[PDB]
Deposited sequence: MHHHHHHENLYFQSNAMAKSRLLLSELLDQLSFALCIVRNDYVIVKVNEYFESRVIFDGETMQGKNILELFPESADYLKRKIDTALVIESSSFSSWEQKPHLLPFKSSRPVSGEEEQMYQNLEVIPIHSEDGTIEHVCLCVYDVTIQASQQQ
């Protein structure tokens, strides 16, 4: 580590570890279950043409029951959820669902985050 090159490498390595640790899947779903926004991370690590602008329940029917509920919950109770095996075609995965309030106060969107464990 006496050479500046080594220091440089260390940094790059550490940043790579930090980034790979915080890496998570993210998309935003409209209240008709369509995706208005997604991670390069989600798109590059799961399951046609592109995820942007289509149905989540139809993209992952293997967990469409589980998903509908977790989304439906958010927009009705209007709060975040946090769930505990595997819930996507990517020990397991954790899911987080945040409702997004419009300026009037109505939810028309939820944020979906899946974390690898």
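Tell me, which runs of residues in the deposited sequence have no coordinates at all?
Holes in the chain trace, numbered from 1: 1-9, 57-58, 96, 103-117, 145-152.
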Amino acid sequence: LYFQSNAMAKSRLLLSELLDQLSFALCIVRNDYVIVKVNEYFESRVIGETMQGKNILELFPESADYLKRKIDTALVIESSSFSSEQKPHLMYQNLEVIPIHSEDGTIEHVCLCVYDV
From here on, numbers count along this sequence of modelled residues.
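For the C-alpha atoms alone, is the average B factor greater in 22-30 or in 64-72, going by the entry?
Going by the record's values, the stretch with the higher mean is 64-72.
Comparing 36-44 with 49-57, the one whose average Cα B-factor in the PDB entry is higher
Higher mean C-alpha B-factor: 49-57.
In this PDB entry, which of 8, 113, 117, 110 has the top CA B-factor?
Each of 8, 113, 117, 110 was compared by C-alpha B-factor; the highest is 117.
What third of its chain, lowest, middle or highest, does the C-alpha temperature factor of residue 102 fall into?
For residue 102, whose C-alpha B-factor we compare with every modelled residue in the chain, the answer is the highest third.
Please place residue 94 in the lowest, middle or highest third of its chain by C-alpha B factor as given in the entry.
It falls in the middle third of the chain.
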